[PDB]
Amino acid sequence: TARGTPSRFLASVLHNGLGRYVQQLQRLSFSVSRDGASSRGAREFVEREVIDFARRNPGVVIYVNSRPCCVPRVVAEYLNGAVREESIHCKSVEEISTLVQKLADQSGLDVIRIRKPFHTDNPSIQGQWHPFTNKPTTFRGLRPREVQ
Amino acid sequence: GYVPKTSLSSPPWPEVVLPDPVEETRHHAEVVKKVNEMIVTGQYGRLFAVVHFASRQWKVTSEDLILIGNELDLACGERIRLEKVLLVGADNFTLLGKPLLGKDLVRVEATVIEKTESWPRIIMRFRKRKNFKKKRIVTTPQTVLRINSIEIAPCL
Amino acid sequence: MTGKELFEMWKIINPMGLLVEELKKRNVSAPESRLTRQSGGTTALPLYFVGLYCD
Amino acid sequence: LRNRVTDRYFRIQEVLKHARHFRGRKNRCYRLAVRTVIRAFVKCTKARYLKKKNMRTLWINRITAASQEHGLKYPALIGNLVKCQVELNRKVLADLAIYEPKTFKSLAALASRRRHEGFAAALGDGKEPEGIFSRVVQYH
Amino acid sequence: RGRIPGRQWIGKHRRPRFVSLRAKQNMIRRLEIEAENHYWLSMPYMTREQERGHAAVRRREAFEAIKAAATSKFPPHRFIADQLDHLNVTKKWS
Amino acid sequence: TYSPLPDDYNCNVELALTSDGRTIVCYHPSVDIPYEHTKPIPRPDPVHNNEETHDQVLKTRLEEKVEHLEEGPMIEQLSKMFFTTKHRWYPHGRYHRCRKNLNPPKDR
Amino acid sequence: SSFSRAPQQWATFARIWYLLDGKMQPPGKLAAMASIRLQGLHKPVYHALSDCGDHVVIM
Ligand SMILES: [Mg+2]
């Protein structure tokens with residue numbers, strides 16, 4: 001519910017698309033288990049697709065810890081200080097690949113209600129409307145029922 | 001066919017006389033020439049456009065952001081030409097399409113800046129005294145486009 | 001600089017004096033201020049539109 | 001008591017976290033909170049239709065205000081803009097009425113011109129030029 | 001004061017309703033559509049003796065396809081691969 | 001000649017159609033408010049605090065304006081001043097005061 | 001314009017005083033215009049929560 005949740009306006013981080021686009025994803029940290037049925041998708045993701053992902057985008061630092069865990073996880077850290085943690089528990093390799101690509105695609109801004117899906121900083125070019133726009137003037141600026 | 005003046009003899013609205021077609025054609029030619037020379041000299045700054053995109057019309061200008069509610073099969077950082085421009089206006093003049101402006105006239109550019117999902121949207125169904133209760137949560141895909149430039153060409 | 005006004009980064013103090021000396025530099029005589037529009041003068045919520053006229 | 005429920009608190013909190021901003025005992029008591037949250041979620045789901053309808057009504061009101069500022073009427077403006085093959089919706093029309101008054105005045109002038117041409121056409125059956133801002137563009 | 005007996009729109013005494021201009025115009029335009037339909041249903045093209053069997057072959061083929069679909073029903077095939085790869089549940093480092 | 005809308009407010013609108021006939025060109029420069037249609041700004045210079053003896057007596061007299069009113073008359077004064085209704089100026093409870101966002105989102 | 005934001009907002013949302021005359025007018029036709037301009041339904045910036053009403057003085 002919108003009345004029961006926060007909200008924000010549509011925005012960029014540092015005017016991303018104005019000059020050069022920069023990848024907002026900074027780090028991906030993977031907790032995967034040596035043994036354990038829940039870390040099998042993560043195990044094969046590390047086997048095959050983590051190297052190609054790192055080669056594909058070199059602005060992201062990827063760590064893989066390989067520690068005993070019941071729930072494998074991925075923590076995404078973004079240039080604006082945002083931290084997001086996701087569970088890759090009992091997920092297929094395609095699911096994990098879609099998840100990490102989505103993480104690399106998003107920015108660090110909060111995923112909440114967006115409030116008017118456009119952000120213009122110069123909404124008016126010919127001048128914002130005021131009650132005197134589209135209103136003609138009078139001689140000597142004489143208001144109604146005046147004398148001189 | 002003569003009627004004395006009364007309150008109903010003549011229609012209340014004023015009588016309108018539209019201009020003669022050939023002189024109006026010459027006037028249109030000179031007005032288009034003046035607007036075209038303003039374009040060639042560069043007598044405009046910070047113009048806006050109305051662009052049909054993803055079933056919607058967007059009043060865009062340069063430097064701003066647009067959120068569209070689906071995927072686009074583009075990478076982040078990809079530059080894209082936004083066709084289907086139906087209005088483009090600068091200070092002191094405006095160009096309209098019927099219904100779209102020409103390809104050679106306007107050129108709107110937009111870069112893909114963020115591919116994400118929306119916040120969860122609740123879909124709850126309830127009927128009283130019927131044990132009827134259902135609940136969904138949906139997160140729709142979303143793309144953020146930054147409009148980089150809107151150029152105009154003298155081909156008017 | 002995007003979306004910011006000039007006098008939000010310059011932070012000038014006397015715009016009338018600055019304009020007067022700019023017109024003096026540009027050989028423009030003097031701006032006289034006239035009340036171009038107004039709506040409510042005897043109320044607590046007035047609106048005035050003042051225009052500067054040079055020659 | 002073989003295998004009774006242990007994590008009932010987390011289900012209670014699942015329901016109760018959507019009631020924190022309520023008023024009364026229904027922000028803390030589950031038996032009333034669940035009913036009021038069910039109604040709130042149903043309202044949230046049903047409110048999308050009303051949001052669309054109300055935003056369109058707001059656009060119509062704003063366009064009527066601007067057209068009456070220019071002396072036109074909303075039906076005349078919308079109809080003649082359609083007849084000029086300029087397909088701008090109520091949203092962008094209100095956007096221009098608020099932020100581009102020059103463009104909106106030009107649009108109203110074009111609609112009034114097309115309306116006068118329509119009156120002249122209904123008077124004279126074309127003969128000759130059938131109007132200039134008439135003459136729709138054909139596509140194939 | 002202006003009270004109607006129970007359930008306004010049913011019964012012996014009902015709340016009267018009257019026909020506006022909208023309803024008459026709507027009825028008239030639907031009647032015009034119906035009249036044009038009557039017109040266009042007045043000139044057939046094959047006089048009912050020339051249409052005796054011009055689609056029998058295609059209808060027979062359609063029903064043969066329907067019967068083939070209805071009778072080609074059987075349990076699906078079973079493979080060793082699924083039973084054997086369920087063993088991958090406990091695949092550790094290798 | 002002929003003009004669809006009067007060309008004296010907010011715009012001078014001319015509508016043209018290109019020779020190809022596929023685009024409508026609208027020219028609309030702004031109209032300035034002419035000098036004959038303006039009135040001079042008043043220059044009020046009220047000086048009546050000068051008595052023939054002192055000069056800082058008026059500096060002391062400058063801080064002589066002070067007044068206090070109770071809720072009833074104060075609310076009536078505010079309502080009359082701002083053309084509102086009296087209910088605008090009564091206070092609200094702690095529930096409403098504390099459930100209001102003090103850091104709302106900012107656009108532009 | 002370029003209208004520094006506080007003056008721009010003040011100009012946009014300023015109240016206007018309108019003068020309307022009776023003198024043989026129908027009261028309901030007076031009331032229609034009065035209601036329109038008291039609600040603010042004559043401004044392209046109208047909203048129900050924007051409190052964009054205007055003063056109507058009927059003599
Ligand atoms: Mg009854």
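Computed from heavy atoms alone, side chains included, the values below leave out hydrogens, waters and symmetry copies. Residue numbering restarts at 1 for every chain, and letters A, B, ... go by the order of the sequence lines.
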Report, one line per pair, each donor and acceptor closer than 3.5 Å where one atom sits in a side chain of residues 95-108 of chain F; sequence neighbours left out.
| from | atom 1 | to | atom 2 | distance (Å) |
| --- | --- | --- | --- | --- |
| F:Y95 | OH | D:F22 | O | 3.1 |
| F:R97 | NE | F:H92 | O | 3.1 |
| F:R99 | NH2 | D:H21 | O | 3.1 |
| F:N101 | OD1 | F:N103 | N | 3.4 |

* Would the number of heavy atoms belonging to other residues, nucleotides or ligands and lying under 6.0 Å from CZ of B:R121 be above 12? -> yes
* Given F:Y2 and B:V17, is the side chain to side chain contact (heavy atoms under 4.5 Å, CB included) satisfied, shown in steps? -> CA-CA 7 Å; F:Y2 164 84; B:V17 187; over 6 Å; no
* Heavy atoms under 4.5 Å from chain F: which residues of residues 78-100 of chain B carry them? -> B:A90, B:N92, B:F93, B:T94, B:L95, B:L96, B:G97, B:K98
* **Residue F:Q56 excluded, over 12 heavy atoms near CD under 6.0 Å** => no
* May I ask you to check whether over 12 heavy atoms, not counting those of B:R46, lie within 6.0 Å of atom CZ? => yes
* Close approach to chain F in residues 66-75 of chain B, criterion heavy atom under 4.5 Å -> none
* **F:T23 portion near chain B, given a 4.5 angstrom heavy-atom threshold** => both
* Structure fact -> Honestly, the part of F:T18 sitting under 4.5 Å from a heavy atom of chain B is both
* Asked: Taking only heavy atoms into account, what residues of residues 23-45 of chain B are found under 4.5 Å from chain F?
  -> B:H28, B:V31, B:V32, B:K34, B:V35, B:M38
* Within 6.0 angstrom of B:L8 CG, more than 12 heavy atoms from elsewhere -> no
